[PDB]
Amino acid sequence: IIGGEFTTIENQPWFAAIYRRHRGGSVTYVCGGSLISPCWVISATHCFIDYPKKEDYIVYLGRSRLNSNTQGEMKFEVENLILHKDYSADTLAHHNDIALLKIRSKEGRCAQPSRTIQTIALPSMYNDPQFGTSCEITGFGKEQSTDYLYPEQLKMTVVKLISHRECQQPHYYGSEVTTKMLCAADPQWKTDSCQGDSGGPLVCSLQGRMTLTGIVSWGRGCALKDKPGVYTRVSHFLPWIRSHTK
Ligand SMILES: COc1ccc2ccc(C(=N)N)cc2c1-c1cnn(S(C)(=O)=O)c1
Ligand code: NA
């Protein structure tokens, strides 16, 4: 996250921290995710497509720091890694960038809701917030495009939704951004998601309810003029989510 502010997991209790175990024992941060039910985490397929082996991944809930065992956190293994069958990546645009992770503790149990571990509601079909709506993003991603390290403390920021017709303008993304994607940015281009924030949530308050409207997917640079953050529009994928969580 470029700009914005540091936060803790009690502010974003649906946030999942996803890590990968390498040969030799080293563990590195991969992507963010969101808890949509006790046994299920939703993320982005591009996070796992090059290493699609479920045994490689570690999922944490109730974790606020990149290398601290936050009080009340829960550690899980991936029982089932579900990638979208028609996923593909162009020079910029990522298609069907959505994945599901069935989580299980070493004792065989799913998440236990608490003050730091909570689910996030899914949107209803054909009901996305109007363009201009302010929404929040969360992640352990880069603070600056030139950084190579991720921040130790979890971050958050607020961006505004951008219409499909504006996002399709020639100086924006043209025909590369589709109706299955949602654009969001800062009007002053000072804050945004970046590398490391992928798979994480775009949460919008819609008709009084906190909703998982988007999943961090792609963008040209980070906080670059006329180049919004692009997110998987979760409302389009409700039939796919329901079928694969059964
Ligand atoms: C693999 O990098 C990624 C990966 C995912 C991204 C998701 C969203 C955005 C965004 N602008 N909201 C940027 C991203 C970049 C990304 C795009 N450019 N850069 S950088 C660090 O400037 O080279 C990082
Ligand atoms: Na840390």
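Values reported hereafter were calculated over all heavy atoms of this structure, with side chains retained and with hydrogens, waters and symmetry mates removed. Position 1 is the first residue of the sequence, and the numbers go up from there. Both counts, for ligands and for their atoms, begin at 1 and track the order of listing.
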Ring-ring centroid check [X] [Y], cutoff 6.0 Å:
{"X": "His164", "Y": "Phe131", "answer": "no"}
{"X": "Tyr19", "Y": "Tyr57", "answer": "no"}
{"X": "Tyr29", "Y": "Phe140", "answer": "yes"}

Give me the one residue out of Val159, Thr232, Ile215, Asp197 that meets side-chain contact (heavy atoms from CB on, under 4.5 Å) with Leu202.
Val159
Who's the nearest protein heavy-atom neighbour of [atom], and how far?
{"atom": "atom 19 (N) of ligand 1", "answer": "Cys222 SG, 3.6 Å"}
{"atom": "atom 22 (O) of ligand 1", "answer": "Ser145 CB, 3.4 Å"}
{"atom": "atom 10 (C) of ligand 1", "answer": "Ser193 O, 3.3 Å"}
{"atom": "atom 15 (C) of ligand 1", "answer": "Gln195 N, 3.8 Å"}

Report yes if some N/O of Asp192 lies less than 3.5 Å from some N/O of ligand 1; otherwise report no.
yes
Nearest heavy atom to atom 18 (N) of ligand 1 wins, so pick from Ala223, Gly221, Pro228.
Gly221
Can you tell me which N/O/S atom of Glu152 has the shortest distance to the Na ion (ligand 2)?
OE1
Sub-4.0 Å protein heavy atom near atom 12 (N) of ligand 1:
yes
Assess, by modelled atom type and distance only, whether the side chains of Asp226 and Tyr172 contain a donor and an acceptor separated by less than 3.5 Å.
yes
Looking only at heavy atoms, is any part of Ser198 under 4.0 Å from ligand 1, and if so is it the side chain, the backbone, or both, or is it neither?
side chain
Does the plane of the ring in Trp240 sit parallel, tilted or perpendicular to the ring in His244? Use 30° and 60° as the thresholds.
tilted
Thinking salt bridges, do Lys155 and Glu5 make one under a 4.0 Å N-O criterion?
no
